[PDB]
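Student: experimental structure and sequence below.
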Amino acid sequence: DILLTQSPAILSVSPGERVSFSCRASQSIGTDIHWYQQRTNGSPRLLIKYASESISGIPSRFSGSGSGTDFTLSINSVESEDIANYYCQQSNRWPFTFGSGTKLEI
Amino acid sequence: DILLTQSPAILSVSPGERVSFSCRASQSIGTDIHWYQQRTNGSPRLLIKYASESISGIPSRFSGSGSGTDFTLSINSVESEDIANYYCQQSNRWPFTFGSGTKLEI
Amino acid sequence: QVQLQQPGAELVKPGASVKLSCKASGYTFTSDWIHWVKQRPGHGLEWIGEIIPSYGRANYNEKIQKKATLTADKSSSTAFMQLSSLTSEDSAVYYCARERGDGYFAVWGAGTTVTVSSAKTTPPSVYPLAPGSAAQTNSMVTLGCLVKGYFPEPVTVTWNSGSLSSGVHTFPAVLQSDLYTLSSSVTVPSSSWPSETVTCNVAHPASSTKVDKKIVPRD
Amino acid sequence: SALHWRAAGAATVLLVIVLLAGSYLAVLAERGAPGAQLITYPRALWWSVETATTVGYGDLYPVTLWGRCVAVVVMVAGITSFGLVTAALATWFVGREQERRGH
Amino acid sequence: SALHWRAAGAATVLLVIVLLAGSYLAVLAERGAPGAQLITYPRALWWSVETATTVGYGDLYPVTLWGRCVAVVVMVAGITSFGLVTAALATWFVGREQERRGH
Ligand SMILES: [Tl+]
Ligand SMILES: [Tl+]
Ligand SMILES: [Tl+]
């Protein structure tokens, strides 16, 4: 099964800076990588689908890039609302899988 | 030829716990990985075929998962009857090959 | 507008079993798959399985001990996840999401937090928390309320039926002798209190017992 | 109009139906099979066209017995539909050539 | 009934026989060749269908001289059988079109 790796686990940053979360697939999965946001006592929220494609209702500061086995979710100038845990998920081959997730800290 | 790796060689565990044996293929072989049990002075016994598919006559605590180059045979709550050596074998490409085998110890 | 609905909680005794539910609404299709995701306290997400309500077929994460059975009801648009012979390891929040057969989870449920123990349910006791007569206040003022003596988790706390979100904190519960306790605080401009009431709404799903308590000054 | 021209359309309306049903059954059959890639409808539909035309790119293919089965039904209906137009195009050309001989 | 319709079935009964014999000889020929993948009957049978239809997914193929040989016999019988129905479908359409001209 496809292993998804999120390093580092925690990630700091100064208010308003640019931040990038990394998710490495254990093998080439194209662009079939999706991103979720999860706040304290919250359900996951889709942020990016298929690596690049943005979702409706999601701030424009969120972007995602990548293909193959390396993907990155970025945030232009993080705000406090962005503090949460971010997960990646693949859908390239069955079964779907999730990254260990990364925590943002301002 | 396909090299199959079983780490660790020996594997302990407390009675009734959940145990997982690992078998890594030196290249993607799909799900063509099979599992055998061998007790002292015994012949190998098929436990799992094609990675997941269980065999008739085999306890239901034995399960196997995996695809590509990573497979794992698990045992839900090991009993003493489970003490033996476990081998993996591939059949994806000729010639068929065997793992170095792993020994369970309670 | 809330596509998947799950019961907030379910208490289960060891060895027992439970059937969680996920009722969906909104655009319904034949291609739609309902997924279940397990999340243990202090852990990430873990795929449990999926089911295609139409055909009614289901698949499970072959990596973990199979403890589920998925079914659905084309009629009520409700998917069911049957968890059996639970233990401590099985306690966690179980979310359900909807995938349009294209790989990603568009909408998720609020998740049902399943706690496993032979202990017994207990609604919480909500005690207000107003300052003391000898406490000065700045431009702002801090009120709060104490939710003590309840089991199992969780308890949702809102301020003014939700109309008040700015300045709210709800500290993670704490356990001791099979009973949780927690506090939530609220902050508003001094002027606005008590001229404009401030009440803490406290719902406790495991026992279906929502309750209110206003925060008036100390007589 | 004529049989040959009717069958063509029929094969076309049938090919489309098979393409749609095929991509649907394809996903239904492949999910649950570790390492399977033919597991989402959009690409499954593409895989379907790829198969009906036998253009084989090898980017997606079934790995399960039922998938393989679904696949065979699609290749057959694909090859047959496309072979049914070729045969209809032959009749069209044979009859016109008959007219160009005062036959 | 007629030749064209007879041959079709014949090609069908012959295609099946070739599919079965082919998958069997395929495994017989490929085993012994390090790195070969066409070495178990079930998938060899699938490989066979894949080949007779020329759908080429490239998931399985012979790597030995005799395999390649077995492969060529299957492609030929596949292409011929499927080309024999197309030709039978043309005759069917040509004769019916003849009836629709009072010819
Ligand atoms: Tl072709
Ligand atoms: Tl290919
Ligand atoms: Tl052709």
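Tutor: Sure thing, it's come through. Numbering: from 1, shown residues only, chains lettered A, B, ... in the order given. Ligands and ions are numbered 1, 2, ... in the order given.

Student: what is the neighbour count of residue C:136?
Tutor: Around residue C:136 there are 6 other residues, counting by other C-beta atoms under 10 Å in any protein chain shown. C-beta coordinates here come from the backbone N, C-alpha and C atoms, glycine included.

Student: ok, now residue D:45?
Tutor: 17.

Student: ditto for residue C:161
Tutor: 9.

Student: ditto for the one 3 residues further on
Tutor: With neighbours defined by other C-beta under 10 Å, the count for residue C:164 comes to 18.

Student: that one reaches residue C:188, doesn't it?
Tutor: Yes - applying C-beta atoms under 8 Å as the test, residue C:164 and residue C:188 come out as touching, 7.5 Å apart.

Student: okay, and the common contacts of the two?
Tutor: residue C:198 (C-beta atoms under 8 Å, 6 or more residues apart in numbering or on different chains).

Student: tell me how far the residue of chain C most remote from its centre lies from ligand 2.
Tutor: Of all residues in chain C, residue C:134 sits farthest from the chain's C-alpha centroid, using C-alpha atoms, centre = their mean; the distance is 37.5 Å. Between residue C:134 and ligand 2 the distance is 83 Å, computed by C-beta to the ion, to the nearest Å.

Student: distance of that residue from residue E:13?
Tutor: Look at residue C:134 and residue E:13: by C-beta to C-beta, to the nearest Å, they are 102 Å apart.

Student: give me the neighbour count for the residue of chain D found nearest ligand 2.
Tutor: For chain D and ligand 2, the shortest gap (C-beta to the ion) falls at residue D:58, measuring 3.1 Å. Using other C-beta under 10 Å, residue D:58 has 11 neighbouring residues.

Student: so what's it up against?
Tutor: Counted by C-beta under 8 Å, 6+ apart, residue D:58 has contacts E:56-59.

Student: ranking the residues you listed by neighbours, who comes first?
Tutor: residue E:57 leads the contacts of residue D:58 on contacts (other C-beta under 10 Å) with 20 neighbours.

Student: what residues does chain D have near ligand 2?
Tutor: residue D:58 (C-beta under 5 Å from the ion).

Student: what about the strands in chain A?
Tutor: Counting by DSSP state E, chain A has strands at residues A:4-5, A:10-11, A:19-25, A:34-38, A:45-48, A:62-67, A:70-75, A:85-89, A:102-104.

Student: let me see the backbone angles for residue D:73.
Tutor: Residue D:73 adopts backbone torsions of phi -70, psi -40, taken as degrees, to the nearest 10.

Student: quick one: classify the nearest residue to residue C:55 once chain neighbours are set aside as helix, strand or coil.
Tutor: Excluding the flanking residues, the one nearest residue C:55 by C-beta to C-beta, 6 or more residues apart in numbering or on different chains is residue D:28, at 5.8 Å. Following DSSP: H, G, I helix; E, B strand; the rest coil, the label given to residue D:28 is helix.

Student: residue D:28: neighbour count?
Tutor: 20.

Student: quick one: it and residue E:25, what's the gap?
Tutor: 34 Å.

Student: likewise for residue C:138?
Tutor: 91 Å.

Student: skipping its backbone neighbours, what lies nearest residue C:22 in space?
Tutor: Closest residue to residue C:22 apart from its sequence neighbours, by C-beta to C-beta, 6+ apart: residue C:96 at 3.6 Å.

Student: how about the residues of chain A near chain B?
Tutor: For chain A, the residues in contact with chain B (C-beta under 8 Å from any C-beta of the partner chain) are A:1, A:3, A:27, A:93.

Student: could you rerun that using 10 Å?
Tutor: A:1-3, A:26-27, A:93-95 (C-beta under 10 Å from any C-beta of the partner chain).

Student: in a markdown table: these, plus distance to chain D and neighbour count.
Tutor: Formatted as a markdown table, the residues of chain A next to chain B follow (distance: C-beta to the nearest C-beta, whole Å; neighbours: other C-beta atoms under 10 Å in any protein chain shown):
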| residue | distance to chain D | neighbour count |
| --- | --- | --- |
| A:1 | 6 | 23 |
| A:2 | 9 | 23 |
| A:3 | 13 | 14 |
| A:26 | 12 | 16 |
| A:27 | 10 | 14 |
| A:93 | 5 | 24 |
| A:94 | 5 | 26 |
| A:95 | 7 | 26 |
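
Student: residue A:101: which of the residues you listed is nearest?
Tutor: residue A:3 (13.7 Å; C-beta to C-beta).

Student: OK, contacts around the residue lying closest to the closest one once chain neighbours are set aside?
Tutor: Leaving aside its sequence neighbours, residue A:3 sits nearest to residue A:26 (C-beta to C-beta, 6+ apart; 3.9 Å). Contact partners of residue A:26, counting by C-beta atoms under 10 Å, 6 or more residues apart in numbering or on different chains, are A:1-5, A:69, A:90, A:97, B:68-70.

Student: tell me the centre residue of the chain?
Tutor: All of this is about chain A. Centre-nearest of chain A using C-alpha atoms, centre = their mean is residue A:35, 4.2 Å out.

Student: that's the wrong chain, I wanted chain D
Tutor: Residue closest to chain D centre, computed by C-alpha atoms, centre = their mean, is residue D:78 at 2.2 Å.

Student: would you agree that residue is in contact with residue D:85?
Tutor: No - counting by C-beta atoms under 10 Å, residue D:78 stays clear of residue D:85, with 11.5 Å between them.

Student: tell me, what's touching these two both at once?
Tutor: Contacts common to residue D:78 and residue D:85, judged by C-beta under 10 Å, 6+ apart, are D:11, D:15.

Student: what does chain C put close to chain B?
Tutor: So far as C-beta under 10 Å from any C-beta goes, chain C lies against chain B at C:61-67, C:89.

Student: just those residues: which are in helices?
Tutor: Among those, no member is found in helices (DSSP state H).

Student: right, and out of the residues you listed, which lies closest to chain E?
Tutor: Each of the residues of chain C next to chain B was checked against chain E using C-beta to the nearest C-beta; the closest is residue C:62, at 20.8 Å.
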